[PDB]
Amino acid sequence: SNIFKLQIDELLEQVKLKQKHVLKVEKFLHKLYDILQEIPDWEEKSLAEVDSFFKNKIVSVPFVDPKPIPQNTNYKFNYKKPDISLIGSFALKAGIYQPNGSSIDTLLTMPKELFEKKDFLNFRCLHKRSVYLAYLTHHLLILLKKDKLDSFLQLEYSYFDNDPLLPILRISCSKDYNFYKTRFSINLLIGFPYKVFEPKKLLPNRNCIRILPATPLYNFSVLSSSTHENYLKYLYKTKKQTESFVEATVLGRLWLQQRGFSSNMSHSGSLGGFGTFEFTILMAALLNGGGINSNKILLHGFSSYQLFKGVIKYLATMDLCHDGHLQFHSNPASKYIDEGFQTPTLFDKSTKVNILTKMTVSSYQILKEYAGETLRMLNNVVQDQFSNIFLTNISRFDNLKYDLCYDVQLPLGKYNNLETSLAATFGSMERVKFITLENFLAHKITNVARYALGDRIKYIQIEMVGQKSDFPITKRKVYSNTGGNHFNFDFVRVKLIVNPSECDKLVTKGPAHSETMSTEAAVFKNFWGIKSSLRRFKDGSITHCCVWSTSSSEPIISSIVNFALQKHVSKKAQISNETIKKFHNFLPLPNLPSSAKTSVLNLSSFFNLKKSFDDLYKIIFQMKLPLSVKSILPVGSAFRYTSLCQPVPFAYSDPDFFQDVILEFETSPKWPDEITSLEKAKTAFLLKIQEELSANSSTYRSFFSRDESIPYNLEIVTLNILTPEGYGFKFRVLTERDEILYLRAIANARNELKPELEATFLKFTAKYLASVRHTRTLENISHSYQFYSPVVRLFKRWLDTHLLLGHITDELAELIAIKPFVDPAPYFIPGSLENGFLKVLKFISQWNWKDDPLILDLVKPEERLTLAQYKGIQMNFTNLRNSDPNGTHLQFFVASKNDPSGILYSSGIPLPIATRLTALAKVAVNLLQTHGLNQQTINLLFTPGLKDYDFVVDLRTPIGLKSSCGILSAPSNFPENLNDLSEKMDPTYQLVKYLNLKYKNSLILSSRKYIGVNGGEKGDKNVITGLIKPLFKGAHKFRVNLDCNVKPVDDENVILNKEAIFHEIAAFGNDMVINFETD
Amino acid sequence: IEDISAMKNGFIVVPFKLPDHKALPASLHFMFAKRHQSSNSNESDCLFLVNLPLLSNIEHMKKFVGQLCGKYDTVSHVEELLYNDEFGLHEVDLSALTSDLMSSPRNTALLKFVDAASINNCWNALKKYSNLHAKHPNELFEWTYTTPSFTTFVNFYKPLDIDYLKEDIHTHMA
């Protein structure tokens, strides 16, 4: 807790530009408001002739629907002069310099005796507002034409704060007196006087409007458009009170900006409705109140970060919407009533206004948990995440922020076709409640989404995409037939963040069925109808249900949104997300009985080989060695729920088929003191296990395979039990005389062989010792992080399409992918598979190596990495980075409590492969922000390679191996000899491993190790890409230690022996090798 | 250009062919050779051999020797090959590095002789082959690939045979 105020001063130094971008803006501001001073008065009229006054004139007049008729509006217009001051962000000096450009604020208040005391009937108060600004802007365009500034400024009718019932006039400049640099637009918004009425008609429950529904939008909008200066009056009172306020408002407003809550409005489908001035007036309320015993929660005698802490702790803890609120008055305490209004509420007595009624229940419901999450990530003293809490824009992409996104195409036709296209109601009470059809059906579609899902998702957000908040003078509103309607969108993004525990629960229960059936059960069977059902279970429990059909491609969340869309809001709408099905059938389908109708969170094949290992586990405990088994325990990918083609029985060509599993015996003192004798003694134990197993449990098949992964000990022989249930296991023996034997090898090795022997011991520690706690923490974390297993499955599919997986280890990819789960901040936990995968890609693009490590605490939410251990991993990361500054050999530093060293999983990977990973992730993120998620977008995201690689050796196996690998578009037995598995399996990965292991100084190779996860439908084609070292850019002369294959042409120079070396590759695999290409 | 057939310090280029590939439209491999002696056992009277193919075992280096003997009647006592760490499996000896006994450069090979007549005969003979292949590379004696690679090395998925590793473990423990 020492760098935070330096971060405050640093972010302020980036944000202040407070003379050169603002003094000439004040100059043009002086010009504009003295122009509007010099605009004169205008007298009594009637709208039945102001229509002909605006008949063929260039100006137009905005309104709300319905358009005014002269019959019920025998109406009058007067034009007097307000005296202007400045308001808000500019007047409190909080200008933020976006590439987009913030707005500015202006004052057009209103006198008293030009309008009567009955502005509470059918919006003609805002009609005289509209005609007022219409004549003012026509005289402003005349003053444009006579003050010669026609060529560069532009006047624009607009919807103020995305509200169709408040129009404004914004000047924006288009290409001494012309200007384009700082934030652009100036507006022309109105004000009404302060005291207009009697005290009982400003509570938003009231009615006075035509055929008692409340009009909360109406009697909040007239109140907001009346009081735009009381807020600044007590705001400057609090400004005279506190010194913390400008720093408070600037850090709160860029907080709200980089998490996307703008102050437009939330009703018509926009993430936002909460903003900086609502934030500051509730800050001042919480400053001079906040307790039931009048506890002033904030004291205003100290700095800004603690007031930020206090105000977001308040608005995160204390609930405002569903049950009561604290209300405050100004002309000043605050106190809690417990009356929930089904609306985010905070109430006044000086203004008597409900300020957050511009903002929806769903937007408050998601913003409160944004605030709870930012409490969670700035109440932890261990890390430093100012970049997470104030720097990264989490709203800039449409799918890191939300788990699921669907289209809602609405080809409803026209406003008069709405009757028999829209399946909801369209009547007087609903359009006098919700002002426009856009926010009406947005509210209705959020209600039917929440009732269709309930606890099956966390939070909902709707947005009308393509919504436009400005319109030219040539048309009275927006009138553009976009996407199939005359309405202010083209289609609808429905967006979900999901409770991952109940994604694919195929029964959503209603109430229990009593005889006189309950009213919410009636609502349930009205909502479901043909799909609703009366129900009992295996415990004898009657309820109301509806069942679903789980599929690997389509999750049932899509079908339940499809049903609740094509029943209750339209019949001819279209709902789809083909991206979801695209990566869901990128994931390999196992050859299991009824495996197309399984889910994606289904771990049943993993449970099946776990049970077969339990049977082998029992029959290997119950036997007798001369030295009995201490612990047999599994360590493989199928046991930490990670293999791509999840294991079907009898699948030879799966390289994850043979599962790694480690047994250890007692701590016997009779181990031999030498490494090859120790390996042969361990295999003597394995030979006795094999002979007793083949003696008694004859239904298991067994052979021996020589391990070659640990370098320079050629005696490691592993056996291979082939279960009758259809699985294979690589049994190994761990002793207590191995790690101390390798450490004394480090000791008495030759002095220039210590890094090579430490590489050997790091491969040993990564394989036997640390892998056990690795698979423990991953198996124990997968059941709270339920999308982790499929996001690693197609993350390694992605990584094998791009064929880095022969170099980057599996466990390194597992740690890379568990980073956005154990630390999802500032984003949330991935509740969908695409969300997890592109959060992985976004992080590994965004993450820089040399300055920052990647620590990660593998713990479930709500054992954890403490401050001392965190500083220790920072210290040995600092030691690694100042022993090597630019990452020559140690290229990723990932570390946990299971590995404080960091070197373990990332050793032996080359710099072209590591930079290929980072560069390809940055290409992916750049392409996603270029085009967005589309079918061809995902398809070239998963296309293999086609970049600056230099060899393409093209390969086929004499038989396709997806039948015998378990990916279906049948193997069920083992042959009479256990050597036909050789020609049923592929050689390509270990052959290219020997190629790289011999050519390791001259060039690096690669291959796709899983041949038919990525190699076509037949499952046959694999590539081998070579890449010459940057050392071999010229033509060296022959030395003794340069490790190449040479073709000298002159006396001095040698060159790569290229043709003969890829011919020798072709001879080493010529039954497999069928084609060669240079780039 | 091929007529350069003598390097800076004693090196000899020995070229030979590569056989047919199904997707290649004169694939040529070189060896480098010097020679050296010492007072020790097998590092005496020995030629260096650089840029040797994949897993060059005994018997096809021996058919190379045998076609030289059946061609020019050279004196040649070579029937074992020394110090071919082909892929990189024997840089250290971890057994003697953590053991009581068994004690006592990159991509090079170490081909001994026993006779001064044999080393001078093979030296000037292969120098004459280097010169004649330098001015005409056409129909030299070549690489008879009666495949050693697919038999003597395809063991990666072949299981280790039971009685063989039983006898190995038994004699080593004994």
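Q: Can you help me understand the packing of helix α1 (residues 58–72) of chain B against helix α3 (residues 116–135) of chain B in this one?
A: Angle between the axes and distance between the axes are the two parameters that describe a pair of packed helices. Residue and element names in this part refer to chain B. The N-to-C vectors of α1 and α3 enclose an angle of 90 degrees; their axes lie 13 Å apart at closest approach. Compared by their axis directions, α1 and α3 come out roughly perpendicular. On the side of α1, the interface is formed by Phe64, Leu68, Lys71 and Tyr72, while α3 contributes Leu126, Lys128 and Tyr129. Among the residues making up the contact of α1 with α3, the classes are represented as five nonpolar, no polar and two charged.

Q: Where do I start with the interface of chain A and chain B in this structure?
A: Often the size quoted for an interface is simply the accessible area lost on bringing the parts together. Listed per partner, the contact involves 67 residues of chain A and 53 residues of chain B. Both sides of the chain A and chain B interface together cover about 5500 Å² of buried area, and 66% of this is carbon and sulfur. Looking only at chain A, the three residues that lose the most surface to chain B are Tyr712, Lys998 and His1063 of chain A, adding up to 13% of its buried area. If you look at where chain A meets chain B, you find three salt bridges. Here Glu86 of chain B and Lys998 of chain A are joined by a salt bridge, their closest N and O atoms 3.9 Å apart. Taken together, the connections running from chain A to chain B amount to 13 residue pairs in polar contact. Elements supplying a minimum of two residues to the side of chain A that touches chain B: α20 (675–696), β13 (701–706), α21 (739–748), α22 (754–781), α30 (988–998), α32 (1058–1068) and β22 (1073–1078) of chain A. Broken down by class, the residue content of the side of chain A that touches chain B amounts to 33 nonpolar, 15 polar and 19 charged.

Q: Is there a simple way to think about the packing of aromatic side chains in this case?
A: In this description, an aromatic ring pair is defined by two values, namely the gap between the centres and the angle between the planes. Residues and elements named next belong to chain A. For the structure shown, the criterion picks out 72 aromatic pairs over all chains. With 5.7 Å between their ring centres and 45 degrees between their planes, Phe613 and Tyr617 make a pair best called tilted. Of this pair, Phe613 and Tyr617 both sit in helix α19 (residues 604–621), four residues apart, roughly one helical turn. By relative accessible area, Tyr617 is classed as partly exposed at 30%. Taken together, the ring pairs in this structure connect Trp42, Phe53, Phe54, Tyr79, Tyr132 and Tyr135 into an aromatic cluster. When the ring centre of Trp42 is taken as origin, the NZ or CZ atom of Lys45, which lies over that ring, is 3.4 Å away. Its guanidinium or amino end placed over the ring of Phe607, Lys610 lies 5.5 Å from that ring's centre, counting from NZ or CZ.

Q: Looking at this model, I keep getting lost on the packing of α22 of chain A against helix α24 (residues 810–822) of chain A. Mind explaining?
A: All names here are of chain A. Where α22 contacts α24, the axes come no closer than 12 Å and their chain directions differ by 30 degrees. Viewed along their axes, α22 and α24 form a crossing whose handedness is left-handed. Of α24, the residues touching α22 (which contributes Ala766, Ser771, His774, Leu778 and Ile781) are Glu811, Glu814, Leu815 and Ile818. Here the residues of the contact of α22 with α24 sort into five nonpolar, two polar and two charged.

Q: Explain the side chain of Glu814 of chain A to me, please; I cannot follow it from the model alone.
A: Residue and element names in this part refer to chain A. With respect to the helices and strands, the residue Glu814 is situated in helix α24. Here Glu814 falls in the buried class, since its relative accessible area comes to 0%. Not counting the four nearest positions on each side in its chain, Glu814 is found in contact with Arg640, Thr642, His774, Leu778, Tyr788, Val792 and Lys796.

Q: When you look at the sheet that holds strand β3 (residues 46–50) of chain B in this model, what are you seeing that I'm missing?
A: What holds strands together in a sheet is hydrogen bonding between their backbones, with the strands either parallel or antiparallel. Residue and element names in this part refer to chain B. Strand order in this open sheet of four strands is β1-β2-β3-β4, and the pairing throughout is antiparallel. Two strands lie at the open edges of the sheet, namely β1 (12–17) and β4 (108–112), each paired on one side alone. Across this sheet, the average inter-strand angle for adjacent strands is 30 degrees, counted without regard to direction. Two elements, β3 and β4, share five bridges in a ladder whose sense is antiparallel. Bridged to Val50 within β4 is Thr108.

Q: Whenever I open this one, the domain arrangement of chain A confuses me. Can you help?
A: Residue and element names in this part refer to chain A. Segmentation of chain A into domains returns domain 1 (1–16 + 192–201 + 242–397), domain 2 (17–191 + 225–241), domain 3 (398–506 + 550–576), domain 4 (577–946) and domain 5 (947–1079). Distance between the C-alpha centres of domain 1 and domain 3: 29 Å. Between domain 1 and domain 3, the contact holds 17 residues from the first and 16 residues from the second. Interface area, domain 1 with domain 3, both sides summed: about 1400 Å², of which 53% is carbon and sulfur.

Q: Quick question: what am I supposed to make of a negative patch on the surface here?
A: Residue and element names in this part refer to chain A. Judged by side-chain charge, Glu43, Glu44, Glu49 and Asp51 come together as a negatively charged surface patch. Among the structural elements, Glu44 can be located in the loop between α2 (23–38) and α3 (47–53). Note on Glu44: relative accessible area 41%, which makes it partly exposed.

Q: Please clarify how the environment of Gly70 of chain B should be interpreted in this entry.
A: Residue and element names in this part refer to chain B. Residue position: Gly70 is located in helix α1. Overall, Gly70 belongs to the exposed group, its relative accessible area being 69%. Between the C-alpha atom of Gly70 and that of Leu49, which follows or precedes it by 21 residues, the distance is 22 Å.

Criteria and cut-off values
- Residues numbered from 1 in each chain as written, not as in the entry; some residues may be left out.
- Chains lettered and ligands numbered in written order.
- Part of a larger assembly, values for the part shown.
- Heavy atoms only, no water.
- Axes fitted to C-alpha atoms, helices over the stretch in contact; angles between N-to-C directions.
- Helix = DSSP H or I, 4+ residues; strand = E, 2+ residues; numbered from the N terminus.
- Parallel < 35°, antiparallel > 145°, perpendicular 65-115°, else oblique.
- Contact = heavy atoms within 4.5 Å.
- Nonpolar A, V, L, I, M, F, W, Y, C, P; charged D, E, K, R; others polar.
- Buried area = accessible area lost by both parts, 1.4 Å probe.
- Salt bridge = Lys/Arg side-chain N within 4 Å of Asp/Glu carboxyl O.
- Polar contact = N/O pair within 3.5 Å; in protein donor to acceptor, adjacent residues only side chain to side chain.
- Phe/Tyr/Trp six-rings, centres within 6.5 Å; stacked < 30°, edge-to-face > 60°.
- Buried < 20%, exposed > 50% of the residue type's maximum accessible area, 1.4 Å probe, protein only.
- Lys NZ or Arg CZ within 6 Å of the ring centre and 35° of its normal.
- Left-handed = near helix turned anticlockwise from the far one by under 90°.
- Pairing = 2+ DSSP bridges.
- Domains from an automatic or database assignment.
- Patch = residues over 30% accessible without salt bridge, like charges linked within 9 Å, V, L, I, M, F, W, Y side chains within 5 Å.
- Areas by Shrake-Rupley, 256 points an atom, 1.4 Å probe, with all protein chains shown as cover.
- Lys, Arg positive; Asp, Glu negative; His and termini not counted.
- Charge placed at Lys NZ, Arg CZ, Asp CG, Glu CD.

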